[PDB]
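Asker: File target13.pdb below, PDB, C-alpha atoms:
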```
ATOM      1  CA  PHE L   1       2.209  11.763  -4.245  1.00  0.00           C
ATOM      2  CA  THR L   2       3.011   8.127  -3.242  1.00  0.00           C
ATOM      3  CA  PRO L   3       5.325   6.784  -0.354  1.00  0.00           C
ATOM      4  CA  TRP L   4       8.944   5.578  -1.038  1.00  0.00           C
ATOM      5  CA  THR L   5       8.007   3.299  -3.974  1.00  0.00           C
ATOM      6  CA  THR L   6      10.224   0.440  -5.263  1.00  0.00           C
ATOM      7  CA  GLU L   7      11.566   2.390  -8.332  1.00  0.00           C
ATOM      8  CA  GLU L   8      12.097   5.892  -6.692  1.00  0.00           C
ATOM      9  CA  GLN L   9      13.727   4.211  -3.648  1.00  0.00           C
ATOM     10  CA  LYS L  10      16.096   1.943  -5.749  1.00  0.00           C
ATOM     11  CA  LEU L  11      17.142   5.025  -7.818  1.00  0.00           C
ATOM     12  CA  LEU L  12      18.164   6.575  -4.469  1.00  0.00           C
ATOM     13  CA  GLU L  13      19.893   3.301  -3.256  1.00  0.00           C
ATOM     14  CA  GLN L  14      22.189   3.183  -6.336  1.00  0.00           C
ATOM     15  CA  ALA L  15      22.711   7.019  -6.487  1.00  0.00           C
ATOM     16  CA  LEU L  16      23.930   7.003  -2.830  1.00  0.00           C
ATOM     17  CA  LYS L  17      26.748   4.593  -3.870  1.00  0.00           C
ATOM     18  CA  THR L  18      27.265   6.160  -7.382  1.00  0.00           C
ATOM     19  CA  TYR L  19      27.704   9.620  -5.759  1.00  0.00           C
ATOM     20  CA  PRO L  20      29.246   9.505  -2.168  1.00  0.00           C
ATOM     21  CA  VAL L  21      28.786  12.103   0.655  1.00  0.00           C
ATOM     22  CA  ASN L  22      32.378  13.167  -0.264  1.00  0.00           C
ATOM     23  CA  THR L  23      30.818  14.694  -3.441  1.00  0.00           C
ATOM     24  CA  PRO L  24      29.472  18.315  -2.704  1.00  0.00           C
ATOM     25  CA  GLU L  25      27.273  17.900  -5.871  1.00  0.00           C
ATOM     26  CA  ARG L  26      25.894  14.510  -4.586  1.00  0.00           C
ATOM     27  CA  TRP L  27      22.169  15.368  -4.193  1.00  0.00           C
ATOM     28  CA  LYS L  28      22.142  17.490  -7.424  1.00  0.00           C
ATOM     29  CA  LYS L  29      23.106  14.295  -9.321  1.00  0.00           C
ATOM     30  CA  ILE L  30      20.597  12.335  -7.155  1.00  0.00           C
ATOM     31  CA  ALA L  31      17.951  14.911  -8.345  1.00  0.00           C
ATOM     32  CA  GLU L  32      18.623  13.636 -11.904  1.00  0.00           C
ATOM     33  CA  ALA L  33      18.622   9.992 -10.638  1.00  0.00           C
ATOM     34  CA  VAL L  34      15.444  10.344  -8.473  1.00  0.00           C
ATOM     35  CA  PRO L  35      12.604  12.549  -9.982  1.00  0.00           C
ATOM     36  CA  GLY L  36       9.352  13.386  -8.094  1.00  0.00           C
ATOM     37  CA  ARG L  37      11.192  13.137  -4.716  1.00  0.00           C
ATOM     38  CA  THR L  38      12.874  16.199  -3.142  1.00  0.00           C
ATOM     39  CA  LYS L  39      16.500  16.178  -1.912  1.00  0.00           C
ATOM     40  CA  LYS L  40      15.339  16.873   1.689  1.00  0.00           C
ATOM     41  CA  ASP L  41      13.332  13.540   1.507  1.00  0.00           C
ATOM     42  CA  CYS L  42      16.386  11.808  -0.029  1.00  0.00           C
ATOM     43  CA  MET L  43      18.678  13.141   2.814  1.00  0.00           C
ATOM     44  CA  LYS L  44      16.206  12.293   5.644  1.00  0.00           C
ATOM     45  CA  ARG L  45      15.558   8.770   4.189  1.00  0.00           C
ATOM     46  CA  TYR L  46      19.347   8.094   3.751  1.00  0.00           C
ATOM     47  CA  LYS L  47      19.977   9.349   7.320  1.00  0.00           C
ATOM     48  CA  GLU L  48      17.257   6.917   8.664  1.00  0.00           C
ATOM     49  CA  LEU L  49      18.932   4.031   6.710  1.00  0.00           C
ATOM     50  CA  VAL L  50      22.335   4.603   8.403  1.00  0.00           C
ATOM     51  CA  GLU L  51      20.816   4.954  11.960  1.00  0.00           C
ATOM     52  CA  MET L  52      18.760   1.718  11.544  1.00  0.00           C
ATOM     53  CA  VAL L  53      21.659  -0.459  10.188  1.00  0.00           C
ATOM     54  CA  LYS L  54      23.929   0.894  13.036  1.00  0.00           C
ATOM     55  CA  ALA L  55      21.305  -0.060  15.690  1.00  0.00           C
ATOM     56  CA  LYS L  56      20.856  -3.569  14.167  1.00  0.00           C
ATOM     57  CA  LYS L  57      24.616  -4.388  13.898  1.00  0.00           C
ATOM     58  CA  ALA L  58      25.305  -3.024  17.437  1.00  0.00           C
ATOM     59  CA  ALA L  59      22.448  -5.179  18.903  1.00  0.00           C
ATOM     60  CA  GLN L  60      23.652  -8.289  16.936  1.00  0.00           C
ATOM     61  CA  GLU L  61      27.145  -7.610  18.377  1.00  0.00           C
ATOM     62  CA  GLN L  62      25.691  -7.508  21.979  1.00  0.00           C
ATOM     63  CA  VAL L  63      23.991 -10.898  21.294  1.00  0.00           C
ATOM     64  CA  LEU L  64      27.455 -12.020  19.998  1.00  0.00           C
ATOM     65  CA  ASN L  65      29.111 -10.718  23.252  1.00  0.00           C
ATOM     66  CA  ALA L  66      26.547 -12.614  25.387  1.00  0.00           C
ATOM     67  CA  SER L  67      27.031 -15.921  23.436  1.00  0.00           C
ATOM     68  CA  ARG L  68      30.873 -15.416  23.257  1.00  0.00           C
ATOM     69  CA  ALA L  69      31.446 -14.936  27.031  1.00  0.00           C
ATOM     70  CA  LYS L  70      29.125 -15.627  30.026  1.00  0.00           C
ATOM     71  CA  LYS L  71      28.344 -12.939  32.646  1.00  0.00           C
TER
END
```
Re-express the file's structure as structure tokens.
Answerer:
Amino acid sequence: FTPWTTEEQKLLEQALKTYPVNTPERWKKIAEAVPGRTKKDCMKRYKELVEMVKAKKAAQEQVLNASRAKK
């Protein structure tokens, strides 16, 4: 078993946007899109992605707030 490799990860990246969370059969279709990786890994990974991009954008917005108005 390897880490999140460039191919298995990109198959996830596209499958997340091809099949939304609104689809109850999302990860079943992502099983066909992403072989050799389990759906629990695909869920955990996807969940990390959202938390990280939230933290970045929020921090960038605090830097924006600081440069927009002085304290």
Asker: Looking at L:37, L:30, L:71, L:13, which one is nearest to residue 49 (chain L), with distances taken over all atoms listed in the file?
Answerer: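 Under the stated criterion, the closest residue is L:13.
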Asker: Starting from the PyMOL selection byres ((chain L and resi 4) around 12), expand the selection into actual residues of this file and give them as JSON, numbers by chain.
Answerer: {"L": [1, 2, 3, 5, 6, 7, 8, 9, 10, 11, 12, 13, 34, 35, 36, 37, 38, 41, 42, 44, 45, 46]}
Asker: Find the axis-aligned box for region 40-55 of chain L, covering all its listed atoms and adding 8 Å on each side, and write its centre and edge lengths in Å to one decimal as AutoDock Vina command-line options.
Answerer:
```
--center_x 18.6 --center_y 8.2 --center_z 7.8 --size_x 26.6 --size_y 33.3 --size_z 31.7
```
Asker: Quote the spacing between CA of residue 43 (chain L) and CA of residue 22 (chain L) in Å to one decimal place.
Answerer: 14.0 Å
Asker: Quick check, in Å to one decimal: how far apart do CA of residue 50 (chain L) and CA of residue 65 (chain L) lie?
Answerer: 22.4 Å
Asker: Report, in Å to a single decimal, how far apart CA of residue 52 (chain L) and CA of residue 15 (chain L) are.
Answerer: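 Distance reported for this atom pair: 19.2 Å.
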Asker: Restricting the calculation to all atoms listed in the file, which member of L:20, L:27, L:66, L:53 is positioned closest to residue 40 (chain L)?
Answerer: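 Once distances to residue 40 (chain L) are computed over all atoms listed in the file, the minimum belongs to L:27.
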Asker: Assuming the input is short of atoms at region 8-23 of chain L, produce N, CA and C atoms for that part as a JSON list (two decimals), keeping the file's coordinate frame.
Answerer:
```json
[["chain", "number", "residue", "atom", "x", "y", "z"],
["L", 8, "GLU", "N", 11.50, 4.62, -7.21],
["L", 8, "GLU", "CA", 12.10, 5.89, -6.69],
["L", 8, "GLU", "C", 13.12, 5.63, -5.57],
["L", 9, "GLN", "N", 12.87, 4.58, -4.78],
["L", 9, "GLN", "CA", 13.73, 4.21, -3.65],
["L", 9, "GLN", "C", 15.02, 3.55, -4.17],
["L", 10, "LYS", "N", 14.91, 2.66, -5.20],
["L", 10, "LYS", "CA", 16.10, 1.94, -5.75],
["L", 10, "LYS", "C", 17.02, 2.92, -6.50],
["L", 11, "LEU", "N", 16.41, 3.96, -7.12],
["L", 11, "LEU", "CA", 17.14, 5.03, -7.82],
["L", 11, "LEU", "C", 17.99, 5.81, -6.81],
["L", 12, "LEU", "N", 17.44, 5.97, -5.59],
["L", 12, "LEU", "CA", 18.16, 6.58, -4.47],
["L", 12, "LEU", "C", 19.30, 5.64, -4.01],
["L", 13, "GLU", "N", 18.96, 4.35, -3.75],
["L", 13, "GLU", "CA", 19.89, 3.30, -3.26],
["L", 13, "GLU", "C", 21.20, 3.24, -4.07],
["L", 14, "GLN", "N", 21.05, 3.23, -5.41],
["L", 14, "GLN", "CA", 22.19, 3.18, -6.34],
["L", 14, "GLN", "C", 22.92, 4.53, -6.37],
["L", 15, "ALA", "N", 22.16, 5.65, -6.38],
["L", 15, "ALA", "CA", 22.71, 7.02, -6.49],
["L", 15, "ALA", "C", 23.53, 7.42, -5.24],
["L", 16, "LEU", "N", 23.20, 6.82, -4.10],
["L", 16, "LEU", "CA", 23.93, 7.00, -2.83],
["L", 16, "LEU", "C", 25.34, 6.40, -2.91],
["L", 17, "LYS", "N", 25.48, 5.32, -3.70],
["L", 17, "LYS", "CA", 26.75, 4.59, -3.87],
["L", 17, "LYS", "C", 27.46, 5.02, -5.18],
["L", 18, "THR", "N", 26.70, 5.61, -6.13],
["L", 18, "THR", "CA", 27.26, 6.16, -7.38],
["L", 18, "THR", "C", 27.92, 7.52, -7.09],
["L", 19, "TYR", "N", 27.25, 8.29, -6.21],
["L", 19, "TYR", "CA", 27.70, 9.62, -5.76],
["L", 19, "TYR", "C", 27.82, 9.56, -4.22],
["L", 20, "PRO", "N", 29.06, 9.53, -3.64],
["L", 20, "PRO", "CA", 29.25, 9.51, -2.17],
["L", 20, "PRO", "C", 28.97, 10.87, -1.51],
["L", 21, "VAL", "N", 28.91, 10.88, -0.17],
["L", 21, "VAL", "CA", 28.79, 12.10, 0.66],
["L", 21, "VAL", "C", 29.98, 13.06, 0.41],
["L", 22, "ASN", "N", 31.12, 12.46, 0.05],
["L", 22, "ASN", "CA", 32.38, 13.17, -0.26],
["L", 22, "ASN", "C", 32.22, 14.10, -1.48],
["L", 23, "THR", "N", 31.19, 13.84, -2.31],
["L", 23, "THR", "CA", 30.82, 14.69, -3.44],
["L", 23, "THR", "C", 29.89, 15.84, -2.95]]
```
